[PDB]
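Q: Pasting the sequence and an experimental structure:
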Amino acid sequence: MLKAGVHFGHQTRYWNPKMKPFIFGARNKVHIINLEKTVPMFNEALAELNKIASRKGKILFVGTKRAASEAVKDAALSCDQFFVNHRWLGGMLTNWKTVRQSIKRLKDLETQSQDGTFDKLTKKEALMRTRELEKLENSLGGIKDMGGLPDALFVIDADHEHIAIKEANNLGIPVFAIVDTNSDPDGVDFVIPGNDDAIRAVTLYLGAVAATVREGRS
Amino acid sequence: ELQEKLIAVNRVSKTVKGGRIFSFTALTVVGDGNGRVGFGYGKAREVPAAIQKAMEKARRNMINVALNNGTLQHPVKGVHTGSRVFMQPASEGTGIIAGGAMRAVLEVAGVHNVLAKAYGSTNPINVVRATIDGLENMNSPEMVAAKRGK
Amino acid sequence: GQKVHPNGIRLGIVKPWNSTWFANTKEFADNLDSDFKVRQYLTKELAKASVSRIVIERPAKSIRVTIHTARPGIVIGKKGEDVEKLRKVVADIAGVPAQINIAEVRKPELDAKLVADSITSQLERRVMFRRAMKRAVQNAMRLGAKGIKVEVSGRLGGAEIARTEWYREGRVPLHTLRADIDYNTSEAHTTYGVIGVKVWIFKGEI
RNA sequence: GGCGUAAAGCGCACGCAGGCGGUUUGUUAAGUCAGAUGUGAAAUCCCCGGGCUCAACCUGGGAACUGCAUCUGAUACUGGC
RNA sequence: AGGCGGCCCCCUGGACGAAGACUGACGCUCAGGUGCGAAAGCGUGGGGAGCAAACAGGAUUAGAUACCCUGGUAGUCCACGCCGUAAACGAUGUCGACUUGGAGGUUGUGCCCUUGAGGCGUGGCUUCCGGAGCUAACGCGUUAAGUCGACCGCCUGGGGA
RNA sequence: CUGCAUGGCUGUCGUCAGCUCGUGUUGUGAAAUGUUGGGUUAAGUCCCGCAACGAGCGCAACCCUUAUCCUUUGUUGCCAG
RNA sequence: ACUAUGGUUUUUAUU
């Protein structure tokens, strides 16, 4: 384990009281976190990711928030891992035995503008059906090459996404997330402390996880 | 390894015109005669279609029965609406014991040394949902490092 | 559905016809009386030549005909370039000299008339018929086609019950104009009950 | 076995008789249970065997009537103090 | 509890918290009993502007017994008795107990230069939200119809009742 | 004789935009979802939005037909030069 | 500104 920044400190109470998984105290209206109760979890969050990467588990990285949606695309330039930075749909994994027909439509439209029937009359009218491709490239474009289901889902926010969590968690796929003291986890299988500032969530940790995926072998 | 059986068939009630609808409903079961069971309900026009939708549902699910001394590993409750089923173990070298419609499910699970009470609806398409709520309520320990039995 | 007829109300477009006859415009109404006189002794000779389709050709005060058969050896033997043995019959039943022609057949089991004859053989005999229906579907769909209807009505018991059934496969557009659906009607009475067999095959549009 | 509704919560509160009531150490042994004696005939349903051809009828012991009284004990729990 | 507000008044039951203390089971529920009235009704005496069961007049209409529209009795106000009753409907029984959180109201009790031209703990009560669960479904959600207990009353098909 | 038997053909809405499918989803279930919702049209037509998605038949296409300017022909039809 | 009626019986799934 390597940074992974976890404290500033900053802000007053935006924490869940129920349900206080990492906070243990307050000083000068800033709340402090216990990093000794989390050693068994820091030695797990990327250690288990390495275990499935060493077993050729297919990994899906999520970042639809505009602070992460481009850094996750440079992370896919430096690693042969799956990424989504645009929208999700209800049934995107939990209806795959039907929704794979939209993937098979996506790949058929990537070749449709080379048809001899596409050259006829008006350029504007010939493209009206092939324009549906840009909506499938926005919802299934990140999973069309996967040929099946992910082995794990990785997110760097604990409450920005919802359908990306519902589609994985119900289907028995483990979700991995980092939690700031301004968020509370739901539908997550692997949890650890982190920060909400993009310079820590995006710029540090989204590099540190790709350094765990490039290790397999097996 | 594999046992198959037909339990019930019924025409859909609806007066649709004038005449009645030609839809039918069927209930079938699958098992192994050794410790597993699966069930299927189906609805389609005429019995030769409705029975096949039921078989294709019954060929898509399988649950294990918890067994000890050749009978149930414990007495168990299983409920679906008016079907408030209780299933309990019987004596050595026994099979009647089982009769009526419960015999048709125990015949594909393989164990007639099991006694049942419905405490309400014996309606075949609904009581079959309460028995498998009982098979999901069967205990397999996963506790023998602290608690007695097995 | 179900009365839109592929070889009736939909026959006036894109399909080959089985009869054409020429006459004086002032006596077509008089020559109309002959259209059964050319069939009455010939219709029961078509199966005896294994014919899949007939084309009646009748020039002014003349007769020709063309017949399509997979098994011409049943009616002409070897080698097929002398049709005398059939011409001498066709000219005698017609009461006028004739010149008949014989044509070849491609995929003969992919035909609504053969499927209908293969199913009628079971019901005119009061035997098990569903085996022949499933065999015809798994014959046609593996020889060509994209969907098929094979339907039966009457004496489907169960003793003295009548009933009707089909069980469809693939897709079959019966209301689309230029669908080119291959079809045949079959109807019979055993002197103990009425039976009917209905067949439609879809291969491709236009 | 139920009482918002399909059938049932008193118009409501107070209260005599009845029902119910925190906790520990003594003490009692009513209630509870334990070691035995006495009895519940003939039978019941059941387990094994007998006098008569089978069977009735008659058996000859089990299993059993889980209560009621007396004797000798236990004191956790419930009740008395 | 049913019930109770034009305004202004006196007599009298009841609740509970913080720092603590004393008494010593004195705590809960009840067969039959105990006690009283909203609006009309009855008795026995007053009063009358407006409204108005009943009642009178013309339309409207087949008729109008209702609406329209002109008049109007009892009653409505007031008191001592009798009536003792309904949706006395927030369709929910009285008491004891265990649950997970947000913000305000109300009523007590603590803390923090209050440091902001403000807040956080925590009992009795409460308005809106709100995580499990309960249900035939709509509903009930710690002031639950969740979860477990003490006591009393009631009920066995339609209508007859 | 009879359209309360059995075929066949059948009125009108109306070329109207509607009727349906498979696999998922949801309820105790008949049933619902999609096809509803938001703009638009002649329109289940097209975008938007989306636990439902893509599809089938109907549609739109396809087919026939018209004013103008051309074009083949050149007649017993026509006559600008 | 305007109103009340309808007894009893009651048919497709196949020659």
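A: Looks like it arrived, so ask away. Numbers count the residues shown, from 1 in each chain, chains lettered A, B, ... in the order given.
Q: Tell me which residue is most central in the chain.
A: By default, I'm working from chain A. Centroid-nearest residue in chain A: residue A:62, 1.8 Å away (criterion: CA atoms, centre = their mean).
Q: that's the wrong chain, I wanted chain B
A: The geometric centre of chain B, computed from its C-alpha atoms, lies nearest to residue B:128 (CA atoms, centre = their mean), at 4.3 Å.
Q: so where does it fall, helix or strand?
A: Per DSSP states H and E: residue B:128 is located in helix B:124-136.
Q: Now that helix: buried residues?
A: Neighbour counts over helix B:124-136 (16 or more other CB atoms under 10 Å in any protein chain shown) mark B:124-132, B:134-135 as buried. For the C-beta atoms, the positions are set from N, CA and C on the backbone; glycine is no exception.
Q: distance of the residue of chain A found nearest RNA strand G from residue A:90?
A: Among residues of chain A, the one nearest RNA strand G by CB to the nearest atom of the strand turns out to be residue A:98. It sits 32.9 Å away. Distance of residue A:98 to residue A:90, given as CB to CB, to the nearest Å: 12 Å.
Q: Same check on residue C:30?
A: With the distance defined as CB to CB, residue C:30 ends up 74 Å from residue A:90.
Q: Can you classify residue B:8 by secondary structure?
A: Local secondary structure at residue B:8 is given as strand here, using DSSP: H, G, I helix; E, B strand; the rest coil.
Q: for residue B:42, same thing?
A: Three-state call for residue B:42 (three-state DSSP): strand.
Q: Quick check, it in contact with residue B:23.
A: No - between residue B:42 and residue B:23 no contact is recorded; they are 10.6 Å apart, counting by CB atoms under 8 Å.
Q: shared neighbours of the two, which are they?
A: By CB atoms under 8 Å, 6 or more residues apart in numbering or on different chains, residue B:42 and residue B:23 have these common neighbours: residue B:50.
Q: Of the two, which one has the most company?
A: Set side by side, residue B:42 and residue B:23 give different neighbour counts by other CB atoms under 10 Å in any protein chain shown, the larger being at residue B:42 (19 against 16).
Q: bridging residues for the more buried one?
A: Here residue B:42 shows beta-bridge partners residue B:26, assigned using DSSP bridges.
Q: Just the residues contacting the longest helix seen in chain C, thanks.
A: Longest helix of chain C, by residue count under DSSP state H: helix C:130-143. For helix C:130-143, contacts defined as CB under 8 Å, 6+ apart pick out C:107, C:109-110, C:115, C:118-119, C:121-122, C:148, C:150, C:152, C:167, C:169-170, C:201.
Q: what about 6 Å?
A: The contact list for helix C:130-143, computed with CB atoms under 6 Å, 6 or more residues apart in numbering or on different chains, reads C:107, C:109-110, C:115, C:118-119, C:122, C:148, C:150, C:169.
Q: Could you do stretch B:122-129 as well?
A: B:7-8, B:27, B:39, B:41, B:80, B:83, B:101.
Q: For those residues, pick the one with the most neighbours.
A: Of those, residue B:27 is surrounded by the most neighbours, 25 neighbours in total, counting by other CB under 10 Å.
Q: so that residue touches residue B:10, yeah?
A: No - with the criterion set as CB atoms under 6 Å, residue B:27 and residue B:10 do not qualify as a contacting pair; they are 8.7 Å apart.
Q: I'd like to know how many residues surround whichever residue of chain C sits closest to RNA strand E.
A: The shortest separation between chain C and RNA strand E is 37.3 Å, found at residue C:167 (distances taken as CB to the nearest atom of the strand). By the measure other CB under 10 Å, the count of residues near residue C:167 is 14.
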